[PDB]
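Okay, so here's the structure we're looking at.
Number of protein chains: 4
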Amino acid sequence: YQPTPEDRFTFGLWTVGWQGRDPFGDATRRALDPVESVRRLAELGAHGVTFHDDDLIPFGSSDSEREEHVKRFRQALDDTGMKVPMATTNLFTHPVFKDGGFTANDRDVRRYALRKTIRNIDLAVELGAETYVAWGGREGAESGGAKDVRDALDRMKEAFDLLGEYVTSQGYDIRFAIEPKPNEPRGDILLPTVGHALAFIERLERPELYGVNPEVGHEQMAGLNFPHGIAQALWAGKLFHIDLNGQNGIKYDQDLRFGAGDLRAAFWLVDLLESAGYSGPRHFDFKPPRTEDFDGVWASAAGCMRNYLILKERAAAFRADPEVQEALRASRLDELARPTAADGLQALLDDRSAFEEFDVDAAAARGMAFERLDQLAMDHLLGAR
Amino acid sequence: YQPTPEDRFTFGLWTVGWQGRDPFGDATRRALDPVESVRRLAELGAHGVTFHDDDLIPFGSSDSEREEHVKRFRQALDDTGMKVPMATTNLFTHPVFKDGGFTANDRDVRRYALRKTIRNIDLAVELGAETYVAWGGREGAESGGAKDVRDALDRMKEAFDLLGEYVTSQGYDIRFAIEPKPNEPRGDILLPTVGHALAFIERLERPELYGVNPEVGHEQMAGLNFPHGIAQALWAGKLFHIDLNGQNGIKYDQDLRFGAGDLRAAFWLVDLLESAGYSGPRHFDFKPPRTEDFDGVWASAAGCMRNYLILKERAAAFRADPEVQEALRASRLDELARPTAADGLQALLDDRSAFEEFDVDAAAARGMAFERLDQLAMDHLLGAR
Amino acid sequence: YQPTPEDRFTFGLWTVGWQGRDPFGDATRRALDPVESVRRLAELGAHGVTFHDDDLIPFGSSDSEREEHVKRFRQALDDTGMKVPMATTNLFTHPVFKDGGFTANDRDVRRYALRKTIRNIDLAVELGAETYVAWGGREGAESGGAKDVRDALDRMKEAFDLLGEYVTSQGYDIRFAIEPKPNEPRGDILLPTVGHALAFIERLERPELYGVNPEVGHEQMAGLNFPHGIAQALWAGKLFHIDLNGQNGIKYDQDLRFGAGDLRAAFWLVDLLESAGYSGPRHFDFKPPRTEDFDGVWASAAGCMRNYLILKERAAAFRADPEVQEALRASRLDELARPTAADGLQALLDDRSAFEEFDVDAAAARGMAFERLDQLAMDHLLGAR
Amino acid sequence: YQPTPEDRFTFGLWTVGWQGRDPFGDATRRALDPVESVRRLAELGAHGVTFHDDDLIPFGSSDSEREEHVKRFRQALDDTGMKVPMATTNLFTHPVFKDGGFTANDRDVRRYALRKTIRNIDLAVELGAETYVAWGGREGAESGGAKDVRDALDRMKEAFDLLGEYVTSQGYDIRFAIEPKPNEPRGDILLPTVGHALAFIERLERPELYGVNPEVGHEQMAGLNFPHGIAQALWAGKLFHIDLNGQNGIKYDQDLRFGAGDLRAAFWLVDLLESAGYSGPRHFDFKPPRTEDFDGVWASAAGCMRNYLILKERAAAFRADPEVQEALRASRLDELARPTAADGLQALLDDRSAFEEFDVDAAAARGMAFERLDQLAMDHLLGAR
Ligand code: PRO
Ligand code: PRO
Ligand code: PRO
Ligand code: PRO
Ligand SMILES: [Mg+2]
Ligand SMILES: [Mg+2]
Ligand SMILES: [Mg+2]
Ligand SMILES: [Mg+2]
Ligand SMILES: [Mn+2]
Ligand SMILES: [Mn+2]
Ligand SMILES: [Mn+2]
Ligand SMILES: [Mn+2]
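Protein chains in written order, with full-length UniProt numbering: chain A, 3 to 387; chain B, 3 to 387; chain C, 3 to 387; chain D, 3 to 387.
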């Protein structure tokens, strides 16, 4: 289960570089130079790295400082063969964004948020990024009167439409991916789930430029089924990027390494991504727990990739097993994939077998055989076949 | 706070008619004749009632029995002046729907589900319903291999497209409203939130025919902010109907009377519906707790309406209070409603006040004054002004 | 991974006998004769069965009917070698218990609840049960004024004290196990967690007679860590019995087969029970999903036992692996088991190495190595060593 | 609704002094001098303040610096008439406590945690504190193998027993209050609820010295009913202190001002504290949201007290209303307070009215009238009587 760059595993600078500060704790690790992170990740078999503007260039840097930060980072990529498939903007850390970036009540802040974003889009394109993520972590409210949500969505659409106009004007090939989260740091965050983000995209001027960047932990913070949400995103042709990690149910955003948290959901996620032929980066947005030293940081990062590869093997074995294939037919997964009424509306209305002469009791008596199918899945996952 | 039919309050037959059976309990009340429910609800000041096919006509009824059930119900409506603004299909109770209706793995069940629905659409139109609700409570899974979600969404779209073709073919004016729920009775239900339902509608052949019917308790079962979800539905022009009740957070679907559960969320919901000019029914999908006798049933129903009217008064007082209006300006809710960049992209790029000469520290130092605004809201709600 | 009676696996009659009725659904399976359940479970390698009074003897049975039900059940036990290690009372199904049994507001209902319980204690002893479970599923409230909780706890203590007096008076060896659940069917249930039950027991007249019967799904409905709660119960010497199943986080009580739901929590639970030498029944309180026919029922039951045995193997391998033993020392699990201050208070106060000369920075810099340890655990669980 | 010191409202230095740092955000406010906080709080009508050691004396202070910090604080108390009824230790911020204080795997850290605590107990006594709180926020784990919970509870008991021995040895009158929280910052925290803490106390050497300090938001993070937990604490005679705030269900610890979050739970809490005659401080552990400037900080603090006083008035009016008193009798709250079987076990066994001649159907048919009672409560809360 050794990863290589061909596996497309990527990591945010802010992941392995997390110093361990939490709402009740000071840092437990020294800051990492992005150059060292790129080197260590490459050694582990990563394909690339991602960044917020402010991860790569400290906020408030002069043009000369900016140039040097980028130069060193560029050299690290060149030294290792690492890529930068995605980048994003920090519109959440600085106190100016305390009520949001794109949907701040203050109009001057909204305009600044757009300019900060546009600056980093140019840099992302320079470094070769194909996807530009937007996580509106500060868009939302703690109280009901503070944020008129219809007005906020008007502002959010205005912002994304302007970004689309910008990339079009420059002839950039980059596309946007909106990252939903239901809460934290705001009491409620706007576009809280994959569904809300997908719906919002449909109202944009150029919807083809926008997809979703769902995160395992985020959908799980709403108690939702992450593989189901990913399936709906795939169904809509909008899974532009994905963030992999672990989460134990409904609580603060844990950002455990992938495989941790809900292990079976991780299995079903990998099964879906591989079956569907998802071809984007397998990106980890995780935090090595603050209990760890740097050796533990790299161990945790390695574990992300290892767990993906183990689950990949087991899911493939599951789908390829003739006994499982038989069980899938027994449970009528084949029938689920057949149209309900390709014969058309009038034919359905005229079909007595669909109502007048439908034996409901006989149909009801037919077991779904889902438990046997699921125990085959369990046996494959655990290597107990 | 006395309701009258002008207030548009409606109730499902299955609400006040709930006999009190739960997953661990037998019935605590006798069944109600729909005729008596219509009379008692009218006496309380309700505007109308809604029904599943199987609430009004016992499953398996002959044509003669069906005719008599409808005749008696029609007479009750005529005797009281009650309306029927919405109807729906029961695609969840009968064991044949154990794996779903529209997305059952068994194709014969999917076809039957469509025929059962179509039959009741005709009846709904006959009784004057303007909205036809679909709650896919059995669409989903307890285990990962049982349901391929992309295939299931293909089947779900096929079903809704056929229903749209049907209403179009008959020249009916009725529109559809999809009701999301995240779980229960299935381990995970497809289209689990308002966002997922909105997104799905965009992929239908005739999206203009479909909106959402969100329920307070359902979105709260995912820990989501219900007023926020309703705002996004309104923003999309898709709030075709709404179900009002109460829920205490993340647990089984409680169906408490409206006002119970999250009281402040109820306040903000009423504030939003009234401000936006929502003009549809104020429908209660609640269950008087099984502790209650029939006197308690009608008391609980009356309380639904009373709480709506109290909250309406307090929200209106809040919005009309000059002190609140001043606080809203102090918190820049006015600025939130102004376009970010009506001057356009190039103007924004050329505007030094948006970046090069933006004083981020001065902006950051400006308090939002949200706590004072929220305490004014609290004071209005509690009648402590 | 074939179970035999030596493994002490037991099942409730109401588990495999669940007909599939849920809050939105009619039965999907015919009722099972307890005699057939005993036979089928024995064939699968079960050790025994458990019952509520009303599972074994239909409510309202005459003395002659009662005698025959017991006679047939006795014969099934004798035919199979099955045991009955635990029994319990149904104080939740009948509408008389709509506000509770032991803590019903109506005093006559409380007295009846006690008499019903006492009758079944006699039967449980006759059939050889060593543990008598009490799940107060109806003890609680949907609204704040309905239940004064201090008064309710007074009544709950009165009830349990009387039961203790009863078993003492008869010279029975049977002990009680209180089963916590946080909610469902009541909006909030009294003694909602293992902790609350443990605390309550300390106020009983004869606390030695009472322990807990925790259920995996129940603690998980509060988002709690089930292995942690079981550890506290063991620490207190109060794990008299346990109910095993699966649950996907915070929602309605799913009662999935053991191993389903939170797989890693199942692993850590088995690790703890085996390490601690828990010697009681491994009891499954689960429901085969209503999608299943009878073949699926027995498959689901078999899966409960299979998953326990797989996890047992993997946990044992984990603890026995010299590499894991080294990692445990690296993470100072050995130090966690050593007293903090066996030298005593004055020695600690006088020890400059504990404060005045404690190098906090050096201590802080020492990584815990928890991620490497956890990936070894993951590798063992998945059979990827 | 103007608070005065007689109302016993207290605030932590770290509450109004929170600079607004969160897991995704830098500070939005400057640090407050404890002297200014004491003055501003007194002006608002507070009774007193509380502190962690490190809130009052910056970590690493020399003896001379320590003396001056205390001197200035003492002068502020004297200038205002403010009291210090409670103090606590910071065993969570410094990286040395990354795996805990009292239950750190490293024994040297456990010993240091005890010495740090003991030092501050002396200071707390000097400043007049009657209660010493312990919140073990770092006691717990993110992964299963990292923490053997039985061993950890052994260490936790050792620590609390030593603290008890210490206060006894000094003749101090101060008592301890253990503050539960289910998670955050650790993935799972030990003693996660009021119940677990109560149970743990019973195993201490001198249980009379220890009670609980429950927090509204903390119990709600497990989805539990806070008034119910407070009732069990009162029932056990262990409510030594309480922390008041607001929380919107199951998510990160929000620390909203009291009254925010679950408003009806706040009502029922105040009703219980006032009815029971809780005589300790009404302490607020809240954070003014980081959106706020200093004016908003004091507004938020004032709102805590205002909401307590409004709810106090409404709860008192509810209990005093003859119509409510009649409704309480109708719902048999009086019967709930009467012993079930003061006649004794044998009398109950011999009482045919308790079983043989108990009319279960007649009892079952009696409605509880809980909905009418609850709407009276709603009407009182909203000032709609
Ligand atoms: O390449 C991709 O990522 C998508 C997934 C479905 C087919 N194409
Ligand atoms: O009539 C309605 O319901 C919608 C609400 C927004 C404006 N029109
Ligand atoms: O036999 C049992 O179940 C308990 C477990 C710890 C040691 N004895
Ligand atoms: O004074 C107190 O706080 C406790 C409350 C119940 C009676 N005494
Ligand atoms: Mg992310
Ligand atoms: Mg509904
Ligand atoms: Mg159980
Ligand atoms: Mg606190
Ligand atoms: Mn995250
Ligand atoms: Mn509902
Ligand atoms: Mn259960
Ligand atoms: Mn808190």
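Ideal placement from N, C-alpha and C gives every residue a C-beta, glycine not left out.
- For A/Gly279, the Cβ falls inside the 6 Å cut-off from some heavy atom of ligand 1.
- For C/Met370, the nearest CB of chain D lies under 7 Å from its own CB, placing it at the interface with that chain.
- Look at A/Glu217: its beta carbon is less than 6 Å from one of the heavy atoms in ligand 5.
- D/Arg331 counts as exposed, since fewer than 16 other beta carbons sit within 10 angstroms of its beta carbon.
- A contact between stretches requires three or more CB pairs, one per stretch, nearer than 8 Å, and the region 171–183 of chain A fails this requirement with the region 285–304 of chain D.
- Its chain contains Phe269, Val272, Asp273 and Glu276 as the residues whose beta carbon lies nearer than 7 Å to that of C/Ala317, once the 5 sequence neighbours on both sides are disregarded; these appear in chain order.
- Non-local C-beta neighbours of D/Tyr3 in its own chain, meaning closer than 6 Å and more than five positions away in sequence, comprise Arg308, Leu311 and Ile312, ordered along the chain.
- Runs of the beta strand (DSSP E) lying entirely within the region 283–364 of chain A and spanning at least 3 residues, in chain order: 284–286.
- By the C-beta criterion, the region 357–375 of chain D is judged to be in contact with the region 110–121 of chain C, since at least 3 inter-stretch pairs fall below 8 Å.
- Judged by pairs of C-beta atoms under 8 Å, the region 189–207 of chain A touches the region 130–150 of chain A, as three or more such pairs exist.
- Interface flag for A/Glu294 against chain C is set, since a Cβ pair is found closer than 7 Å.
- Scanning C/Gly263, C/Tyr174, C/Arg112 and C/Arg113 for the CA closest to the CA of C/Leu125 turns up C/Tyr174.
- Shown here, A/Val86 sits in coil according to DSSP, grouped into three states, outside any helix or strand.
- For C/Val51, the uninterrupted beta strand (DSSP E) run begins and ends at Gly50 to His54, by DSSP.
- Secondary structure at C/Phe269: helix, using DSSP grouped into helix, strand and coil.
- Where B/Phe11 is concerned, the enclosing beta strand (DSSP E) starts and stops at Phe11 to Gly14.
- At a C-beta separation below 7 Å, D/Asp153 has these neighbours in chain C: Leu338 and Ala339.
- Contact between the region 252–266 of chain C and the region 359–375 of chain B is absent: fewer than 3 CB-CB pairs across the two stretches fall below 8 Å.
- Around B/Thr82, the same chain offers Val40, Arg41 and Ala44 as residues with beta carbons nearer than 7 Å, after the five sequence neighbours per side are excluded.
- For A/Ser333, the number of other beta carbons within 10 angstroms of its own is at least 16, and it is reported as buried.
- Leaving aside the five residues that flank C/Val196 on each side, the residues in its chain whose CB is nearer than 7 Å to its CB run, in chain order, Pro182, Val214, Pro216, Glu221, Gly231, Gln234 and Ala235.
- Counting along the chain, the unbroken alpha helix (DSSP H) around B/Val151 starts and ends at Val151 to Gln172.
- Chain-ordered listing is empty here: chain C has no CB closer than 9 Å to the CB of B/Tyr114, the nearest sitting near 16 Å.
- Closer than 7 Å to the CB of D/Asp101 there is at least one CB belonging to chain C.
- Against chain A, a Cβ distance below 7 Å from B/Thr119 picks out nothing, because the smallest value is about 11 Å.
- DSSP places C/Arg117 in the helix class (H, G or I) of the three-state scheme.
- In terms of Cβ geometry, B/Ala148 and B/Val86 do not form a close pair [threshold 7 Å].
- Ligand 7 has no heavy atom closer than 6 Å to the beta-carbon of C/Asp190.
- Ranked by Cα distance from C/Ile123, the first of C/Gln249, C/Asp110, C/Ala367 and C/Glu167 is C/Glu167.
- Restricted to the region 173–216 of chain D, the alpha helix (DSSP H) segments that are unbroken, complete and at least 4 residues in length are 196–203, listed in chain order.
- Along the region 20–33 of chain A, the positions whose C-beta sits under 9 Å from a C-beta of chain D are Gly22, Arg23, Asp24, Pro25, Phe26, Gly27, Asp28, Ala29, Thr30 and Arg31, read in chain order.
- At least one CB of chain C lies nearer than 7 Å to the CB of B/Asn185.
- Assignment of C/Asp24 by DSSP, reduced to helix, strand and coil, places it in the strand class.
- Contact annotation, A/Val218 with A/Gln172: C-beta distance approximately 33 Å; criterion of less than 8 Å not satisfied.
- Around the C-beta of C/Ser145, 16 or more other C-beta atoms lie within 10 Å, and the residue is accordingly described as buried.
- Within the model, the alpha-carbon separation for C/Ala238 versus C/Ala278 is close to 13 Å.
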